[PDB]
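Chemist: I'd like to ask some things about the structure below.
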There are 2 protein chains.
Amino acid sequence: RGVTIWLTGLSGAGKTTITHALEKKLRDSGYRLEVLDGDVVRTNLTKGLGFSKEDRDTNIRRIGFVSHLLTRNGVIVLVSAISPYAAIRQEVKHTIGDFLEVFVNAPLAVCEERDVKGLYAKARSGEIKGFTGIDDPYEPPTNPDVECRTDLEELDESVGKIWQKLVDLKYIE
Amino acid sequence: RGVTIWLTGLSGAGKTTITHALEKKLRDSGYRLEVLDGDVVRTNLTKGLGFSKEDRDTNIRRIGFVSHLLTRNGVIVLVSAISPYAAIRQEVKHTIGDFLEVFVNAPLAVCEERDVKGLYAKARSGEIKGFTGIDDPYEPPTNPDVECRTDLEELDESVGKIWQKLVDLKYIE
Ligand SMILES: Nc1ncnc2c1ncn2[C@@H]1O[C@H](COP(=O)(O)OP(=O)(O)NP(=O)(O)O)[C@@H](O)[C@H]1O
Ligand SMILES: Nc1ncnc2c1ncn2[C@@H]1O[C@H](COP(=O)(O)OP(=O)(O)NP(=O)(O)O)[C@@H](O)[C@H]1O
Ligand SMILES: Nc1ncnc2c1ncn2[C@@H]1O[C@H](COP(=O)(O)OS(=O)(=O)O)[C@@H](O)[C@H]1O
Ligand SMILES: Nc1ncnc2c1ncn2[C@@H]1O[C@H](COP(=O)(O)OS(=O)(=O)O)[C@@H](O)[C@H]1O
Ligand SMILES: C[As](C)(=O)[O-]
Ligand SMILES: [Mg+2]
Ligand SMILES: [Mg+2]
Ligand code: NA
């Protein structure tokens, strides 16, 4: 029953939006789950970390650590974090086993015109350095379990895709 | 039936030892559980932290964060950490709710006598500053749920106390 559903993508691509929707849908149906949103655990579990390659690796690995413990005790874990490095993602997947990579995919141009929290403009001004997709890498999942193209898709479809994978893999009724 | 069993006491008091014995006994009975030892989490989950007041509060709270997720998902969590500051212990207690505070009470002289890791000698020489009970506080529990005087007990008696408080409080049959 326990699985980690791992949502990676550009900032503003739609990880959190999906995670809240998926979260609600799973809980209504009575499934047990926990959520680890990158923005939020950075105020908690990963307080004090920044955005260097070393610090993102600490962040993601720490998250992987707590996901691993929940998943192996039968909990659906909803993770949403940029996870820009593919090798780190692959590492965490190997560690948890029961792992669905979800590529929340919006082209950068969309993510930027969206500018949900004003961050992208700050990244272009030079105000913020090393912003992912602007002057810091993002390594797209080459073979993800689900891909949600959120320029193209509506929220219900994007959630539907993930929900459907869970059914196919027999993680839920 | 999920619960956090929280062992606090001086270095050398006997938490880690009580934890393995309580672990194997619970695990043999078929209960599902997770161990979070202060020594061990400080090589992954709280790597980077020291023993300033600041850093210990960070350590305990983070341990607490992880226990709380596991506890409200039905898991039995065995924590053994010094947890020197009382107000912080109480905080984690109210946050998790299903919480056993186990005071592993050995006097400092007994603990120094065993010096399992050779650490007290190092605290006295000054090689290690701010060692609990030599150069930093230890605020004993005032009204702990269970107290183990490991000076006046054997394992099975100490482990045995906890195990039965667990069945009184109905966490395990
Ligand atoms: N499937 C979707 N289709 C269309 N628009 C979407 C979809 N999912 C999310 N959005 C919208 O696009 C934006 C994505 O927001 P958000 O979930 O905060 O992205 P994000 O990846 O979580 N950014 P961040 O959490 O800070 O790294 C919001 O304005 C949503 O309304
Ligand atoms: N009730 C007891 N009576 C006598 N010796 C004991 C008792 N319980 C444990 N010990 C011994 O205590 C020694 C080590 O204690 P230990 O469990 O490591 O304390 P600790 O403070 O929890 N270590 P740590 O987790 O690093 O802070 C071992 O040699 C045990 O055999
Ligand atoms: N330099 C930055 N790059 C990306 N996101 C940043 C940056 N600075 C602040 N943020 C914020 O931090 C969030 C990303 O945090 P994470 O998902 O936890 O990143 S990750 O790379 O370590 O996985 C973004 O949503 C964004 O709001
Ligand atoms: N200054 C120190 N005080 C106490 N323990 C220390 C100190 N330095 C190293 N240690 C080691 O770290 C262990 C304590 O770690 P914790 O249980 O995680 O401490 S706590 O205060 O933050 O709860 C001890 O068992 C001991 O081996
Ligand atoms: C040994 As000291 C730095 O507490 O005076
Ligand atoms: Mg977000
Ligand atoms: Mg120990
Ligand atoms: Na859309």
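In chain B, numbers come from Swiss-Prot; the residues present are 4-176, in order.
This entry, so its header tells us, was determined using X-ray crystallography, 2.8 Å.
Any Cβ shown, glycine's included, is placed from N, Cα and C.
Sequence annotations record features per position, and here Swiss-Prot assigns active site, phosphoserine intermediate to B:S86. Residues or ranges marked as ATP binding site by Swiss-Prot: B:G12, B:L13, B:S14, B:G15, B:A16, B:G17, B:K18, B:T19.
Situate these features within the shown structure.
Modeler: Following the DSSP three-state reduction, the secondary structure of B:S86 (active site, phosphoserine intermediate) is coil.
Sequence-distant contacts of B:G12 (ATP binding site), defined by Cβ-Cβ distance under 8 angstroms and a gap of at least six in the same chain, are B:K18, B:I85, B:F106, B:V107, B:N108, B:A109. According to DSSP, B:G12 (ATP binding site) is assigned to coil rather than to any helix or strand.
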Chemist: Using C-alpha atoms only, work out the spacing between B:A16 (ATP binding site) and B:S86 (active site, phosphoserine intermediate) and round it to an integer in Å.
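Modeler: That comes out at 12 Å between the alpha carbons.
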Chemist: Which of the binding-site residues B:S14, B:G15, B:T19 has its Cα closest in space to the Cα of B:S86 (active site, phosphoserine intermediate)?
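Modeler: For B:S86 (active site, phosphoserine intermediate), the closest Cα among B:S14, B:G15, B:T19 is found at B:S14.
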Chemist: Given the binding-site residues B:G15, B:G17, which one has the fewest other C-beta atoms within 10 angstroms of its C-beta?
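Modeler: B:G15, out of the binding-site residues B:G15, B:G17, has the fewest neighbouring Cβ atoms within 10 Å.
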Chemist: Counting every protein chain present, what is the number of Cβ atoms, excluding its own, within 10 Å of the Cβ of B:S86 (active site, phosphoserine intermediate)?
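Modeler: That number is 27.
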Chemist: Rank the binding-site residues B:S14, B:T19 by how many other Cβ atoms lie within 10 Å of each Cβ and give me the one with the fewest.
Modeler: B:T19
Chemist: Looking at the binding-site residues B:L13, B:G17, B:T19, which have a C-beta within less than 6 Å of some atom in ligand 7?
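Modeler: From B:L13, B:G17, B:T19, counting a Cβ under 6 Å from ligand 7 as near, the near ones are B:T19.
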Chemist: According to DSSP, collapsed to three classes, what secondary structure does B:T19 (ATP binding site) have?
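Modeler: The three-state answer is helix.
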